[PDB]
Each structure stands twice: as C-alpha cells, then as structure tokens.
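Reviewing the structure listed below.
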Amino acid sequence: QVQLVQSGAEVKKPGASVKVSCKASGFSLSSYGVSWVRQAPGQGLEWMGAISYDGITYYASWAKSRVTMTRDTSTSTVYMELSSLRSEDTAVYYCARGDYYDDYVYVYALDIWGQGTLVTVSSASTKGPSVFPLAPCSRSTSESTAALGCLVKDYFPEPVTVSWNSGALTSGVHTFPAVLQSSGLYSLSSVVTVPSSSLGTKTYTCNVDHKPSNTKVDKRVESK
Amino acid sequence: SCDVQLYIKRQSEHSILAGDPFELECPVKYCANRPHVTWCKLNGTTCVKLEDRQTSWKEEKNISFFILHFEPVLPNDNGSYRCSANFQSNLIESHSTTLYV
Amino acid sequence: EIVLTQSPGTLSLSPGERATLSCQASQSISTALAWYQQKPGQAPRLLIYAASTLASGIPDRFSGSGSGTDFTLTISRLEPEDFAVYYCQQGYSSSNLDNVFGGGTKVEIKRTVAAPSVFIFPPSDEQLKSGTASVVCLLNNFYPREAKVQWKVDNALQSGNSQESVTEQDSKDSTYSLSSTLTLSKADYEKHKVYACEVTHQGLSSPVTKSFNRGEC
C-alpha cells in the first residue's frame, strides 16, 4: 500500500555525520513533500525541515547549519544528513509525507509517517549489559505478595528487551524506561510481583536481549 | 478583516513562444492595506528572488492580482516560478507555476 | 515567528467523558492546522487536517474547530485507545522557524487515588565484586503520577546520586510504577549500615520508609 520505510538504527560518535533514508511506496515523490521530525527520549516533536513536491528545501532555524535534505525521484527515496553530531542529537528521526491537500493554497499536513529511525550519538562504544538480581534483604511473613527483579546495568546503545520465564510470566511485570548515566551507559530495572507462597516452589528468571551487542542473558532471581 | 492569501493553482502551466510578451499572475487576497508581494524562480532546492522587474497590481472584485511582466519573453526564462508574501514577519508562499518556452 | 502553544499540559479524564484540547498560534495561520495522536513507542498519527477535516479511517468522535490563532480538538466519547499524547502542527509557513509543532498535551485516565507498595532491593554479591553498589526502590501501582522518593544513608538524606524511571499508565488498572536507583562505590556502601527509601504519596496518610541494614541480609 501507501507506505514510508526508513533505514536501520545508527550509532554515532560526536562530530560525525548520519544519513537517514526514507523509501516511498504506493505513491509519487514528485507530487508530495517529505518532512523530517525528530523526538528525544520522553520529549516532544521537533521539526527539522522538509523538501516539498517542487524540490524546495526548508530547514528549522536551529538545523539550517548542519542539516541537508535530498530526494532521488527515480529511486523514490528521500534523505536527511545531519552533520557534526552532538550527544543532544540522540533521538528517533521520522520522515512524514506532506500532503498539500489544497489546490490553490500552499498548505500541508503529514498523513503517512515512517516507522522511525533511532540515531544514538555518544563517545561510548557497544557494550552488552551486566544483569544483577533484585531480591529484597527481607520480607514480612504476613505479606501475600513479594517483589523481585533484574538490574540491566551499563549497556550501550538502546534498546534491550526483558521478559520473565521466556514470556510466560507477564502479569505484574514492570519493565522501566532506561536511564542514561553520567558514564554514558544505559541502565534499567524490570520487576515482577508474585505470590510469596510461590517463592520456594516457583523459579523466576528474566531473559535479557541486547541485539546491538549480540547479548542474551538469563538471570535467575532467588529469595535469600 | 481577513488573512492575506496567495491563490496560484497547483500544476499551473503556460506554454509560450520566445519574442512574444507575457504577464504571469499571482492572485492575492487582502482585506487590510495591500500586502507586500514578491516573485522568485525555482533553482534546485531554493527559490531565487527576482530583482528589478516590471510588476503591476490589477484590482478586481473580491480578488486582486500581482503580475510579473515579460517584455518580451526570452528562451532563458523556461522554469517554475512562485510569488511570496512577507507581512506579519514571516514568508508565505504560493503554489509554483511552470513556464514552457 | 509562529509559535504554537498547547494547553493544558496534561488532562486527567475518565473514560466515556469529553476532552477539550487547546492550541493557540502567536500570529494567524488561517486553517493550516493539523492534529496528531501519538501512543507510546509508536509514530504520530494524523487525526484532523485543515483545522476541521477528518483524515483517512479516523473515527467521528474526533472533531476539530477554529481559524487564525484559536484551535480546538474535541474527543466527545473518550475510549481507552484515545489515552495518548496529542500535537498540533501548522502547515501555514516554513521559513525561519524553530518548530511547526506545539508542545503537546497528554490525555491520561482519572481514577481513584492508589497508594504504592514500596519495596527495597539491596545490591547483589555479583555487582559488589565489581566495586559498585546499586540500591533500588520500587513504588508499585500508584495513582496519581506524583510521588516523592527520598534516599537516606544512616538517616542522612542523599542528593544527586540517584535516578528514577516511571512506567506508562497500566492498561488494566491505570496506575504508574516507579523505580529509583541509588548508586555508590563498594567503599562508600561499606562505610554505612542503614539504607532506606522514604516515600510520600497522596494515597499515603504518612510517608512510608522501607529499609535494610547492610550485611544483615
């Protein structure tokens, strides 16, 4: 159908460049514009600019100096190059199709969106996580519910997936958004609440997947 | 009483012969004091603002028109043109109109 | 320049109810105003273009209104799939601007106040062997998002040595959970005996302290 498909995730050093591609299917690039919008973790939407239907480029006032936008109408692929990259550029970059719905007025909205491209900018290198068990020092013998978890510490870059007992235990599981540390490595916790009557007869194992470093770690969590 | 609007239609095209005269239209809508309108020509990724040209206002009923005069039309005028308006401290553009020479 | 300003920042509404989303432009933008919906981990989705028009396959409960500077997005029968973040966008101009977007409005489920279940997790033997100690505090299933975590190390309130994460609203009970991590060296960890996280929340009549004494585990 009518779709926009972007390139894979990128990991970059500061002062380097990144070129993101965005393939159009089902339609013509010479009829539509393409806008670039980036989003930082937990932040709002930030327009970078666009290349209209007639080939003219517009850039956000902050991005004009390091951003370039092209199009290859034969290959029907739009690009975005962001140069002299800084850590504060880490974000999910989206290409969105600009629909100039009005035939007399030069106005648009973005109807079809790309699936996003994660670009990480850091002086850090690819590092799989160390997985530590989270077990309480003590429980109260009268508590029906018990908590346990896994500290998925010092990995780079994002993301990591976490599951419990190969995906069978899903209820009461909380996987937390990762935090970026002062050291440049990411850290997250995944927790589960279980019946404390199960603690001696049921095993609790977190399955940590870190695709960028090709790391898979199962961590058994015991109650002391 | 209303917003300034530039009504060049999308896919507008005029096929003309060189040596003949031509007047390129930019339908301008206004309710306040006449807005400052200008013309440019598409050259790659930018619209090159045209300097020292013969232009005229042609007031009609609900609409008005800003015109670019080609006295005459040269072969080195083949391209896509556009008009822009700067009023409330921002640039508003119209759809691009193509000229075939 | 054209500045799009969204209000309120966040709106706590119960399902079934009516939502009134406000977008104001610094200067007139005619009807070149669009509204988008963004759900966690997904790309934004066009709702209303040309200030009032409905986009392709968009349900009729989403209605847009306004012209010039004042604009409204109204959801009349708030379904559970509607609890997302909404952004307005002007298609009016693109020359010399910081952003064509507004700051967004988060629409979240209003429910009864729920106190968190607070758990403390001491560092592991494995992590200590590497010369670092991370102490974790869990605040499980609470409402509203507003929670106050305090770290105390031998009754001495800590600052700048912890980071916190909060989950998205739960799809089944509309609660939030919160993780707070205290990081130290193995050396500083072994200088002190008591580790505690004091939690103040609306659903808590008095602040709750969970604790352990290092080694005594």
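Swiss-Prot numbering applies to chain B: residues 33-133, in that order.
Determined via X-ray crystallography, 2.3 Å.
Including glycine, each Cβ sits where the backbone N, Cα and C put it.
Annotation source Swiss-Prot lists disulfide bond at B:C34-B:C63, B:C58-B:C115, B:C72-B:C79. Residues or ranges marked as N-linked glycosylation site by Swiss-Prot on the basis of sequence analysis: B:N75, B:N94, B:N110.
Between the C-alpha atoms of B:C79 (disulfide bond) and B:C63 (disulfide bond), the distance comes to 27 Å. Annotation: B:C72 carries the greatest number of neighbouring Cβ atoms among the disulfide-bonded residues B:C63, B:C72 [cut-off 10 Å, Cβ to Cβ]. Proximity to chain A (CB-CB distance below 8 Å) holds for B:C79 among the recorded positions B:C58, B:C63, B:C72, B:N75, B:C79, B:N94. Here the candidates are the recorded positions B:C58, B:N75, B:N94, B:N110. The one whose C-alpha lies nearest to that of B:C34 (disulfide bond) is B:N94.
Highest local Cβ density among the disulfide-bonded residues B:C58, B:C115 belongs to B:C115, counted as other Cβ atoms within 10 Å over all protein chains shown.
Cβ environment of B:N75 (N-linked glycosylation site): B:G111 lie under 8 Å away, each six or more residues apart in the same chain. Note on the glycosylation sites B:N94, B:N110: the fewest other CB atoms within 10 A surround the CB of B:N94.
Of all Cβ atoms in the protein chains displayed, 11 besides its own lie within 10 Å of the Cβ of B:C34 (disulfide bond).
For B:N110 (N-linked glycosylation site) paired with B:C63 (disulfide bond), the C-alpha to C-alpha distance reads 34 Å.
Checking the recorded positions (B:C72, B:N94, B:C115) against B:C63 (disulfide bond) with a 10 Å Cα-Cα cut-off leaves B:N94. Other Cβ atoms within 10 Å of the Cβ of B:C79 (disulfide bond) number 22 in total over all chains. A strand conformation is recorded for B:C79 (disulfide bond) in the three-state DSSP classification.
Secondary structure at B:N94 (N-linked glycosylation site), as computed by DSSP, is coil. Distances between the Cα of B:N94 (N-linked glycosylation site) and those of the disulfide-bonded residues B:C58, B:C72, B:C115 are shortest for B:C58.
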